[PDB]
Amino acid sequence: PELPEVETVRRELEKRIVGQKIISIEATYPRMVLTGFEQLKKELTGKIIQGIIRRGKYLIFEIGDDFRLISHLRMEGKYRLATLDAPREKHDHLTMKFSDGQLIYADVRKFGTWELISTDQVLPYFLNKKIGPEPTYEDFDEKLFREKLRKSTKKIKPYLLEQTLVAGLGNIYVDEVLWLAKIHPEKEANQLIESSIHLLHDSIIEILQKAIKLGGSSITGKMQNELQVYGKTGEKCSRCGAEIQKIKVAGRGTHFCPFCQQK
Amino acid sequence: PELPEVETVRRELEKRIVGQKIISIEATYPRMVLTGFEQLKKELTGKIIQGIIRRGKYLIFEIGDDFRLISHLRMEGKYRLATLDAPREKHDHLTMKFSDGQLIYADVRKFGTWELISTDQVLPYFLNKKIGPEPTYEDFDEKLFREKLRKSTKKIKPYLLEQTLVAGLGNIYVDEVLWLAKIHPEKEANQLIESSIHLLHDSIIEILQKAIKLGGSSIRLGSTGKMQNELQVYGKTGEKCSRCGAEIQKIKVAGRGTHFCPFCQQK
DNA sequence: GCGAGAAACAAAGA
DNA sequence: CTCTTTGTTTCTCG
Ligand SMILES: [Zn+2]
Ligand SMILES: [Zn+2]
C-alpha cells in the first residue's frame, strides 16, 4: 500500500474504532513490535483509542495521551475488523480486542512494524526519518522540489520513491505520475526542465489526491480503473497509441510509454 | 575491506604481478580515477610494476619511478586476475593488461578510488590525511594514544573509525576490539582508564595481526579468509556473548551498525 | 567542540 | 519505497 491506500485505511478505522477501549493485545509474532511487545501491552491495555493520524505511509494511533502507536504496513500488511469469536487466519500476527470485536493485523511477508512512541517524540521520529512533505498544494513546495532536483544526478523514479522529495509514492503511483508528466523514469533529476518539474509537481498531487478520493487502488477502491500504465504492458497508451513497455529500474518493475516518455 | 583484507590483497598481488609490464589500461568507469584517467593511462602504460605497499587501508602500487598509484577499495572493491579473453562482468570498472593476463578492478557501489601521485608526494599524501600509526607494537605508541584519548570527548567507536588514532579499523574489527577490551562503543574517550587504554591498545594489535594471519574475514583475490569464524560480536545480534552468556545487542552509533555485549561493555 | 547526515551507489535482507 | 542496511571516506549541517 501507498499513501492513498493507507489514508483509506485510516478513514475506515477512524469511523469504526475511535472511542473504543482496548480490552487486550495479543500477538503470535511479537517481534514485529520493534519497541517491545510486552511494553506495548502494558501501556495500551485498558486505554481508549482517541484518533488515527497518518504521515506519509505511516499510520499513527492515538491511544491514551502519552503514547502513540506508529504502524507501517510495508508491502502487504492489512488490517481487518472481526468478531470476538473469529477464527485465526494464517498470516494474522496481532490483535486488539474491544468489547464487541477485534482489530487484527495480518502480513504475509512479516515486514510491517509497530512502534510505541511517546507523544512528544512523534514529530522528531518523522524528522529523523527525513520524510518529505505531504502531497498537497499546501505542503509540497515546488521551489524546494525544484532546488533539490537541480542538485542531483539520481534517476527520477528511484529518487521519487525515497520519500524525501515528497512522501507517499510507491511503485504504482510513481509510474502513473511519470506518465502523466511525460518523464522517462531513468531521466536524471538535474536534466529536468523547469516546466517539466512544474508538471511533475502538480501530477504528484493530482494523482495521489484523486486516488484518495477514489478509495485507493484494489488489485474497496476504484483508482485501479484510472491507471494509465501500471499493469498495461503491451496495451496502447491512451494518449498516443504506443505500446506500453515494462523495464527494470533500480530493481523495480516499471511501466511507461516509449513515445510520451523519452530519456 | 579493512586493513587485514587489504593486506591479504597486497600479498596476493605482490606474489603475482611484480615484474609485469603494463601493456594497456582501460576503463569503463574512468571517473573513479580521481586525478584523471587519461593522465594515468599516459603515465603508467608501458611501465613495470615494481612493488605494492600498503598504508592503512590503502594500496600503493610502485609502477615506474616517478609516480605511485594509490588505490582505496572502500566498501566492496575487489581485484582479480583473469585471462586476456575473459568475459566482462557487470561491475568491472578498470583493467590493467599484461602480456599473459589482466588485473581487473570491480566495485558494485563505485566507491573505490584510484589516484596517481608523484613519488615524493606519497608521504605528504598520508600526512595530509593525518592517518594514524600502523597497528604494530613498533609503530603504535601507547603513550601518544593515551594522550589523545585523555583530551577528547568523542565516543570511542567513531573516534577509532576515523583512522587518526590508529590506522586500519573498520566496522567489524572496531566492534571486535571493543568487546575484547570490554569498552562500550559510546564511552567518551576521556572517561577511559589507563588500564582500559592499555588493554584497548593491545587488543587492536592482537586482533588485526590474528586477522592478517588468518587471511582476513570472508563474509560475502582475498576471498579465502578464515577470520570470519573467529568473530565474537560483529553480526552476532541475538546470540550469546561467549564471555558472559548475555544476548548480543545491536544499536546505531554515529550512523553505523554496532554490536556489543551490554553486560561486558557498560557505558 | 561534537555528532549527525549526505553524498557517491547497487543489491540484499527482513 | 516498503524500507533499511552494508567490510568507507569526505563533506556540509545543526
Ligand atoms: Zn504515449
Ligand atoms: Zn558478555
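Protein chains get the first letters and strands the later ones, always in sequence-line order, with residue 1 at the start of each. Below, all heavy atoms of this structure are taken into account, side chains as well, without hydrogens, waters or symmetry copies.
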Next item on the list: Specify the separation, in whole Å, of atom CE of A/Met32 and atom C1' of D/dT4.
Entry: 16 Å
Check: When you compare D/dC3 with C/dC9, how far apart are their P atoms, in angstrom units rounded to a whole number?
Finding: 22 Å
Notebook entry, point to check: With sequence neighbours left out, what residues match A/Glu76 under salt bridge (charged side-chain N to carboxylate O under 4.0 Å, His left out)?
Noted result: none
Notebook entry, point to check: Is A/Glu5 reaching over with its side chain to a backbone N or O of A/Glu2, donor-acceptor style, under 3.5 angstrom?
Noted result: yes
Check: Which part of the nucleic acid does A/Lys155 contact within heavy-atom distance under 4.0 Å: base, sugar-phosphate only, or nothing?
Finding: nothing
Next item on the list: Name all residues meeting the salt bridge (charged side-chain N to carboxylate O under 4.0 Å, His left out) criterion together with B/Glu12; count only those two or more places apart in sequence or in a different chain, and write none if there are none.
Entry: none
Note to self: If you assign each of A/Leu127 and B/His91 to its closest nucleotide in DNA chain C, which residue comes earlier from the 5' end?
What the structure shows: A/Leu127
Check: In whole angstrom, what separates B/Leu149's CG from C/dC2's P?
Finding: 13 Å
Checklist line | Pair A/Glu206 + A/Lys210: basic N to acidic O under 4.0 Å | finding: no
Note to self: Generate the contact string for nucleotides 9-14 of chain D. Rules: B means base contact, S means sugar-phosphate contact only, - means no protein heavy atom under 4.0 Å.
What the structure shows: BS----
Next item on the list: Could you tell me the separation between the NZ atom of B/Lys154 and the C1' atom of C/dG1, rounded to a whole number of Å?
Entry: 10 Å
Notebook entry, point to check: Are OP1 or OP2 of C/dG5 and a side-chain N or O of A/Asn128 less than 4.0 angstrom apart?
Noted result: yes
Next item on the list: Taking only the side-chain heavy atoms of B/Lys110 (C-beta and beyond), determine which of D/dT8, C/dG5, C/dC9 contains the nearest atom.
Entry: C/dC9
Note to self: Just the rounded figure in Å: distance from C1' of C/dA10 to NE2 of B/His93.
What the structure shows: 10 Å
Notebook entry, point to check: Heavy atoms under 4.0 Å, any strand shown: does B/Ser152 hit a base, just sugar-phosphate, or nothing?
Noted result: sugar-phosphate
Item checked: Interatomic distance at P, C/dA4 relative to D/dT5, whole Å -> 14 Å
Check: Has the side chain of A/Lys232 got a donor or acceptor atom that lies under 3.5 Å from a matching backbone atom of A/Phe256?
Finding: no
Check: Taking atom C1' in both D/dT8 and C/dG1, what distance in whole Å separates the two?
Finding: 24 Å
Check: OP1 or OP2 of D/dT5 less than 4.0 angstrom from a side-chain nitrogen or oxygen of B/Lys252, does that happen here?
Finding: yes
Check: What pairs with B/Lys110 under side-chain hydrogen bond (donor to acceptor under 3.5 Å, both in side chains), at least two apart in sequence or on another chain?
Finding: none
Note to self: So A/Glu162, base contact, sugar-phosphate only, or nothing? Heavy-atom distance under 4.0 Å.
What the structure shows: base
Check: For A/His255, which of A/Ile172, A/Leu227, A/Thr233 qualifies under side chain to side chain contact (heavy atoms under 4.5 Å, CB included)?
Finding: A/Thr233
Next item on the list: Just call it for A/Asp107: base, sugar-phosphate, or nothing, with non-hydrogen atoms closer than 4.0 Å on any strand.
Entry: nothing
Next item on the list: Find which nucleotide of DNA chain C each of A/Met75 and B/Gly255 is nearest to by heavy atoms, and output the residue with the more 5' nucleotide.
Entry: B/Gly255
Checklist line | Ring geometry between A/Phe61 and A/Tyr79 (parallel below 30°, tilted from 30 to 60°, perpendicular above 60°) | finding: perpendicular
Margin query: Using whole Å, what does the distance between atom P of nucleotide C/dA11 and atom CD of B/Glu89 come to?
Written below: 13 Å
Next item on the list: Check the distance between C/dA8's P and A/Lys151's NZ and give it to me in whole angstrom.
Entry: 7 Å
Next item on the list: Please work out which of the three classes, parallel, tilted or perpendicular, describes the rings of A/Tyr58 and A/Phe126, given edges at 30° and 60°.
Entry: perpendicular
Result block: side-chain N/O donor-acceptor pairs under 3.5 angstrom for residues 28-36 of chain A, not counting sequence neighbours:
residue : atom : partner  : partner atom : Å
A/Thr28 : OG1  : A/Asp92  : O            : 3.1
A/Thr35 : OG1  : A/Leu116 : N            : 3.0

Note to self: Suppose you measure atom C1' in D/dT4 against the same atom in C/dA6; what distance do you get, rounded to whole Å?
What the structure shows: 16 Å
Next item on the list: For A/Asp139 and A/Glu134, indicate whether the former's side chain and the latter's backbone hold a donor-acceptor pair under 3.5 Å.
Entry: no
Check: Whole Å only: how far is the CG atom of A/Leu73 from the P atom of D/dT2?
Finding: 11 Å
Next item on the list: Please determine if a side-chain N or O atom of A/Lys130 lies less than 4.0 Å away from the OP1 or OP2 oxygen of C/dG5.
Entry: yes
Notebook entry, point to check: Can you tell me how far P of D/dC3 sits from CG of A/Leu34, to the nearest Å?
Noted result: 14 Å
Note to self: Please classify the nucleic acid contact of A/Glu76 as base, sugar-phosphate, or nothing, using heavy-atom distances under 4.0 Å.
What the structure shows: nothing
Note to self: For Watson-Crick and G-U wobble pairs within 3.5 Å on both distances, what is DNA chain C written in dot-bracket notation, | included for inter-strand pairing?
What the structure shows: .|||||||.|||||
